[PDB]
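One chain is shown next in structure tokens, namely the form deposited in one PDB entry.
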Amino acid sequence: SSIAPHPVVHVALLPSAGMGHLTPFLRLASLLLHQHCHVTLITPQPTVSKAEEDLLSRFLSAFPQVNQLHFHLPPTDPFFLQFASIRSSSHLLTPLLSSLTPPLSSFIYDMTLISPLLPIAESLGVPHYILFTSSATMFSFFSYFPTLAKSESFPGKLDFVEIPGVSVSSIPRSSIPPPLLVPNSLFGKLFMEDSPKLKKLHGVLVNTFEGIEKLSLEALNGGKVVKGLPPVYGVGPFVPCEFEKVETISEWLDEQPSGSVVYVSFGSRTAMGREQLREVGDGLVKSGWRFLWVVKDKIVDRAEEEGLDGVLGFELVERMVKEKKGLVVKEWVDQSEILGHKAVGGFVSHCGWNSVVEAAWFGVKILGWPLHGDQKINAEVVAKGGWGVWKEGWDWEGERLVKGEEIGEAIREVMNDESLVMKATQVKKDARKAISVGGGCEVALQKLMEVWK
């Protein structure tokens, strides 16, 4: 008895600094657009890196129906500095969010912004959420932090973190993210201020799935970690999207035998010291395997200033050009196009979380080389599933010099192991189940959409 336009579900999104935060937010935006949502994207500007700038430009051109709200920031690790700048200025956003049309339905923001955005979301009167961009196991640690910090000996006497029922049952002190043991650090301060406020959220979205973190997901939603935690929605794996693409790399890969290439990358914001970097190349040559090595000499891509031949040195460059087995680049690559190529049989990775979930989506086994932060916990999430391995004696980047001899031996050990491929293929199979009807991601998004309507 009526011919009416259907009311629109309008979601607002706010990502913080780095490609490891921007990429999952934009993949979530694509998922929401395919559910016929209207999306507003708040963009803090300028970005720390050029790669962030360029990805946003390709996203907006692909989806002109997205409403961009500019967030011009006022004028240490450059990405951590941006985390603090966005957090300290977020209290100014209220006028831009309260005048949104059509009426806002929900608000999903970065995990590092809980405290300043909670009163803003309360005034908007809509359900609000964090998108947590690391593993569900690390989210359990974050939620558990007030339980550990109440002790009078914290953080001096803490040898094991054992959260009931999660995917990594015992986290030793050597795997705790170093800033969490330093009360005055940025993340140590954010953990203490923000974790007690998790109970005010409507929910927590995580880019993960039952095939890789079954136990952590069940413990978080069973009241085992902390009583009164908001529900945790496993909405991963986030499938890589078309707008991310920017041809000699793909042409080189086309000429290599299937499964014969080892891909090497330590993410978008980490650069090894020059001596350690040169040991990586020595290990790749000694391994005897074909390789595609992505190099960074600076944390921030904008700051690169020396050519690859000067970074690598004459002796290493000469060895690699003579053997004619490897390709080395110091530029932004299409990592998902590489991991999805049939030539790539293994992945030497720092185990940043987006890279882990991409490797799971493509069924590529991992040699884990965790370098900083939560990467040792993520490396063990992978090892528990039997589709990758890591050497706990290598330690955080810069604590010791890992030698080319032992790097080459570790590469041969992973590439000769067919059991790792067997488990990685089953992970790949469970990754597709999660997004199909009845899978964890499909079930979670339907729950959220019905609430927002």
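Think of the rigid core as the biggest set of C-alphas that the two forms share within 1.5 Å after superposition. The first residue of the shown sequence is 1; numbering continues from there.
Modelled in this chain, residue 189 is likewise resolved in all the other entries of the protein that span it on both sides, not missing from even a third of them. In at least one third of the other compared structures of this protein with flanking residues present, residue 302 is left unmodelled.
In this entry, residue 246 and residue 247 are separated by 4 to 9 residues of the deposited sequence that lack coordinates.
Judged by mean Cα B factor in the deposited record, 63-71 ranks above the other of 63-71 and 400-408. For the segment pair 365-373 and 198-206, the entry gives 198-206 the higher mean B-factor, averaged over Cα atoms. Highest CA B-factor among the listed residues (297, 275, 358, 77): 77. For the set 128, 290, 350, 286, the PDB entry puts the maximum C-alpha B factor at 286.
The PDB entry assigns residue 114 a C-alpha temperature factor belonging to the middle third of its chain's modelled residues. In this PDB entry, residue 183 carries a Cα temperature factor that places it within the highest third of its chain's modelled residues. Among all modelled residues in its chain, residue 12 ranks in the middle third by Cα B-factor. Among all modelled residues in its chain, residue 211 ranks in the lowest third by Cα B-factor. Split the chain's modelled residues into thirds by C-alpha temperature factor. Residue 94 is in the highest one.
Unshown form deposited in another entry; subsequent notes refer to it.
Lining up the core between the shown form and the other one shows that one residue from 333, 96, 182, 327 moves its Cα 2 Å or more, and that residue is 182.
Superposition on the rigid core between the shown form and the other one places the CA atom of residue 85 2 Å or more away from its counterpart. Annotation for residue 155: C-alpha shift of 2 angstroms or more between the shown form and the other one, rigid core superposed. In this overlay on the rigid core, residue 253 has a C-alpha that sits less than 2 Å away from its partner position between the shown form and the other one.
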